[PDB]
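So this first bit is one chain, no partners, the form deposited in one PDB entry, shown in structure tokens.
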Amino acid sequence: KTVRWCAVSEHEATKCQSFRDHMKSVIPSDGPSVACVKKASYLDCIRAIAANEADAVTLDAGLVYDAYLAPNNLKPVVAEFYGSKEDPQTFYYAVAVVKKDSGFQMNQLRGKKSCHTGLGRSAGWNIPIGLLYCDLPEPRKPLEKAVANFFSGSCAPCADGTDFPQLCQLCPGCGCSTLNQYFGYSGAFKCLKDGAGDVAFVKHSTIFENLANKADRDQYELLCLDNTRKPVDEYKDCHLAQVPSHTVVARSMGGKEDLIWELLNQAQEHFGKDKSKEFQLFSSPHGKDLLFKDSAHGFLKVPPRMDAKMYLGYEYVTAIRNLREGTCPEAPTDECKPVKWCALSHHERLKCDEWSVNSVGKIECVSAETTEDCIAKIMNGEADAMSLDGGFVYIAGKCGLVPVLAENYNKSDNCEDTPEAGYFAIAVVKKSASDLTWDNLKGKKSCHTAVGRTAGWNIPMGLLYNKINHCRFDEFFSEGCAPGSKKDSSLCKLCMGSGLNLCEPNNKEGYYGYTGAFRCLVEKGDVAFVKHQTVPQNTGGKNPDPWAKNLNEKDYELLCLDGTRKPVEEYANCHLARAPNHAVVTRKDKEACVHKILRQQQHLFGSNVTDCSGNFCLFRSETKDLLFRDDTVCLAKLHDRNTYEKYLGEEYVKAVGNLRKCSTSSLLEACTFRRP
């Protein structure tokens, strides 16, 4: 139970050894211990960790990436944080500050005038130039000269003035000290404030540190990667890169990550920010920033399904990858790159393969084990598009992806130009039970289409989470019928399935499905969770079955969240959530291409086509609902709804989130770690 920490200096090793001793005192024989391995450099520490001679070292984003690469393959496991638990600030943001209404975007920086914090600085140079690399003119080695030919004039502190003078044009001599008024963060910002430069590459924090009044900040904007702008307040939605300020790494396989976290968590409990004055984890007696930055206020456990690329973010890896590999294609700037679609089953891959050949190369295919792994592929560029249900549209939204096309299921003349927004989830009750409203629901008897289902379970129980705030969903209702629950649960007591079918989510349960839950309402329930048309189609002699011949709509009302009851036809105003259609999800920087390609694609192999055997067709599956749901007639454009929050109702998001507090998704907890 020992963590072998790696030092990169004699002073660091000394701090590690006193950390070992102090951890010795307070900790029982069982549990964390510290070993102090000492190597010559961060690179050497990485190669030692990979070679199982050390276990943990804490690194700057660049070395995080270095450690990620073959043959080391280390991963982030714990993260220093630089404020409070309520506002960690484990990351910072590299941004491009500009004058308000200066009239240009990220893809128009050529010819403009630049202000950098310093050459080799991450936010001031590495990140922006990395992203801009391919826009630099062809003799891209040496980099300083290509940057010089890119901008008309620059201040690039610490650059080689004598050889590349345009980089000192705004700060002649390129002083690498505060002597140069345009050096550093405050200097790169004053370079812009003084109108010397058109753009300043700095950190999110910098505008706030140099301008106290909101008034003056309001004449500054930020360049976003999508070639829009935003106010400086909104850097979390308009940054060049998000960068983890200081990250502990361990081996991927066999890394002891849990030991590292146990150890550091206890260490911060005993010797952290101020809670002891004998020894301070975040204070170097012999140097500065030994083992850990002295800014740090504490540690946070990194979610277990984070890999380096996911942690750093696609922008950052683009930046370093460009600056190290230095490979730009010659592909024509305007044309779209073939969209690689993500398959999660053997038959999904076979369908996508046929599609690819018939797409004459416009579509390609990428297999991945699971849905979440596919989403990961979209985020990090290994894949471009896939179709998701509501819940995964939400997880992908929290991961920065966007919906772009909705699967439309209702045939119509011009369905490409009208998305559908889905059916309505409702909570039905019988008028004969007058005192029932959304609030007293607790302790009453209930009927669900089936556990897992969207209208029968997810939306209702998600909205009710707030009236319970724990994950024992069978304790809200006295008794119920929720097919799929465990048989000895109270949510199985009212199910009427015979033999082995008693509580099984299948037709033989008979209180299963929309019809079945409504039957459970009329026969033995107080409330039943279904969609808007279930009552109209099981009443008035529309259902011939014995129980359902003579029931009439008037007898039932449906429960509204405001605490009032409403009639069935008024579902549009009385509903719990809007149960959404499947939607094609992609990364923002590919939204356009996807839009275009898919549309072309659904003209050919789309529902219009007969002789589906003589030619390929995109919405017919050999098995069931491969790639797209087989109901799809078209893919409808999501103008004005191209964000997970907009595409999914406010109510639906409330419900799915609340649920996800009980059913964790490792991907979702990673993504929320990077963006709360």
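We number the residues from 1 along the sequence you see. By rigid core we mean the largest C-alpha set that fits within 1.5 Å across both forms.
Absent from the display: the form solved in complex with a small molecule. The rest refers to it.
Proximity to the small molecule in the deposited bound form, defined as a heavy atom within 4.5 Å, holds among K398, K590, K193, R121 only for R121. This chain appears without its partner; in the deposited bound form, the one residue of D60, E53, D44, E645 with a heavy atom within 4.5 Å of the small molecule is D60. Candidate site formed by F104, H204 and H239: none of these residues places a non-hydrogen atom within 4.5 angstroms of the small molecule in the deposited bound form.
Although the partner is absent from this view, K293 contacts the small molecule in the deposited bound form, with a non-hydrogen atom inside 4.5 angstroms. The small molecule is not shown here, and in the deposited bound form it never comes within 4.5 Å of any heavy atom of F164. With a 4.5 Å cutoff on heavy atoms, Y314 does not count as touching the small molecule in the deposited bound form; it lies far away. Contact annotation for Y185: at least one heavy atom lies within 4.5 Å of the small molecule in the deposited bound form. In summary, the region of this chain contacting the small molecule in the deposited bound form, judged by heavy atoms within 4.5 Å and restricted to 475 to 483, 113 to 121, 333 to 341, 494 to 502, corresponds to 113 to 121. Comparing C-alpha positions between the shown form and the other one after a rigid core fit, one residue in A548, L259, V78, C238 moves 2 angstroms or more. It is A548. Superposed on the core, the two forms barely differ at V360: its CA moves less than 2 Å between the shown form and the other one. Annotation: Cα of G381 displaced by less than 2 Å between the shown form and the other one, core superposition. Once the rigid core is overlaid between the shown form and the other one, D474 counts among the residues whose Cα shifts by 2 Å or more. Relative to this form, the distance between the C-alpha atoms of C560 and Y647 is increased by at least 3 angstroms in the deposited bound form. The pair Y647 and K566 separates in the deposited bound form: their C-alpha atoms are at least 3 Å more distant from each other than in the form depicted.
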